[PDB]
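Structure first, commentary second.
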Amino acid sequence: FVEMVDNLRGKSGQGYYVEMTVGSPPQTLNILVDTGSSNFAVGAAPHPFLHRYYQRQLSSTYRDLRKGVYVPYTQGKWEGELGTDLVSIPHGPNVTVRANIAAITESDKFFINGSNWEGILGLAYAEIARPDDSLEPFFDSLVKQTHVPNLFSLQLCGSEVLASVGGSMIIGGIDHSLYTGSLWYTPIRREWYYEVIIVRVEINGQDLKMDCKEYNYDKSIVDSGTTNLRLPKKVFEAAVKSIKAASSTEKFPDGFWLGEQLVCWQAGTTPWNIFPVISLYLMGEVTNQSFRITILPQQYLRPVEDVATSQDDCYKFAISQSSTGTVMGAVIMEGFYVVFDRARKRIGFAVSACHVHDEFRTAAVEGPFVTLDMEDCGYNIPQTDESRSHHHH
Ligand SMILES: CN1C(=O)[C@]2(N=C1N)c1cc(-c3cccnc3F)ccc1O[C@H]1CCOC[C@@H]12
Ligand code: NI
């Protein structure tokens, strides 16, 4: 899969993108790789933050579906017109597919100034697609129309501009050069988000000792479209307390722990060893088994080069509170080669050949851990009448 290695780019904190082509003849666009959503949607009209956009009129193969799509979310919205066209990934499999494409005609707080992407590739399942689950997601179309195996894998690798990031999206396979050691699999609990189950959390080898359902309240997901590790409020508070205690030789402002302020040390003097490792134990394929993924402060403290003090190494705390469950975002994923094995309803983790570490500690994937009488750590989201009324033909 050499042709697919190093096919991802981006700016730190602004998401990883892949080059794609849309239409005939092919129009090149940079597309955000998002395992936390399920639409393929591209800028299709001028916008202050877009150097270019999908020109439907320039494509001989474009078909209008005569249907709009409106997608509000917490931080903003995008909307536009549904259609189909021919799509390929130049540094991906040598295939071309007819996929659904949402042509984004209006948006608010969606595009990011300087991120260098013009669209989004939702890699999650039909259940969370807009306007509804009848709009086939891109990967579903790719698998159905071609011989591409139903699996993809992601290796995300962590003064005037933001730091450039790189990585690999391997479509249809696993590239053994992208990881070392064992590849461990956790079940996909349900196919909507890439939902998983966390059974235990440790901070510097110390158990947080919470009811494990708290770790998955109201879900836990693997999301390339979230920068941070995000934790449910109660879990976040417990984690911050534990990380504070370990790093107590340093008194940081409240702003730091809120992710609203950088902390700095003189170049190359960052005291990494005062910050603890964080271990998330994930449910194994076997009953009563788990494995752990362990990340370093090199993952949860994001480097940000300050113009005023380029003399110093400065960092943002990249663990944050959630009210919508655990989000294993780029913070987690940058430690690991992550296999989205849709065919076998499981997600694989192995130590990434590109993860940032020091000579003392490393990001790790370790198991098995067995528990005599393992509890169900899954949370069951209260069923609304809205949701219950939906017919699923
Ligand atoms: C949480 N999350 C988002 O808000 C979302 N992708 C994820 N995963 C998303 C993430 C980003 C995004 C921002 C920074 C870093 N990485 C990213 F990817 C930008 C826009 C965006 O649009 C949302 C449109 C509605 O669906 C979700 C989409
Ligand atoms: Ni019906």
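Note: ideal-geometry Cβ built from the backbone for every residue, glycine included; neighbour counts use all protein chains shown. Taken together, the values in this text are just the output of simple stated rules run on the coordinates, not laboratory data.
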Say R0 is 25 Å: what FRET efficiency, to the nearest 0.05, do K234 and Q75 get from their beta-carbon distance? 0.60
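Classify segment 16-148: rounded, prolate or oblate, from the alpha-carbon gyration tensor (a ≥ b ≥ c, eigenvalue square roots; a/c under 1.5 rounded; otherwise prolate if a/b is larger than b/c)?
rounded
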How much length would be gained if the chain were fully extended between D108 and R52, taking 0.36 nm per residue of separation minus their Cα-Cα distance, in nm to one decimal? 18.4 nm
Order of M328, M283 under a 10 Å beta carbon neighbour criterion, fewest first: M283, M328
Using only the alpha carbons, work out the radius of gyration and Dmax of the chain in angstrom. 21.0, 64
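Let me make sure I get this right: for segment 236-393, a, b and c are the square roots of the gyration tensor eigenvalues over alpha carbons, sorted descending. Under 1.5 in a/c it's rounded, otherwise prolate if a/b > b/c, else oblate. Which is it?
On the way: a/c = 2.07, a/b = 1.61, b/c = 1.29.
The shape class here is prolate.
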Using the basic label-point model (7 angstrom from Cα toward the beta carbon), what is the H392 to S247 distance in nanometres? 4.2
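Helix-derived [θ] at 222 nm for the chain: sum -39500 (n - 2.57) over DSSP H runs of at least 4, divide by residue count, nearest 500?
Details: 6 runs with 39 residues, N = 393.
One gets -2500 deg cm²/dmol as the mean residue ellipticity at 222 nm.
What is the calculated FRET efficiency for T324 to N94, with r their C-beta to C-beta distance and R₀ = 41 Å, to the nearest 0.05? Display every interim value, and only then the final one.
On the way: r = 38 Å, r/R0 = 0.94.
The calculated FRET efficiency here is 0.60.
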Longer than 27 Å from Cα to Cα, which of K109/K241; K233/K316; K144/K345 are they? Say none if no pair is. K109/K241
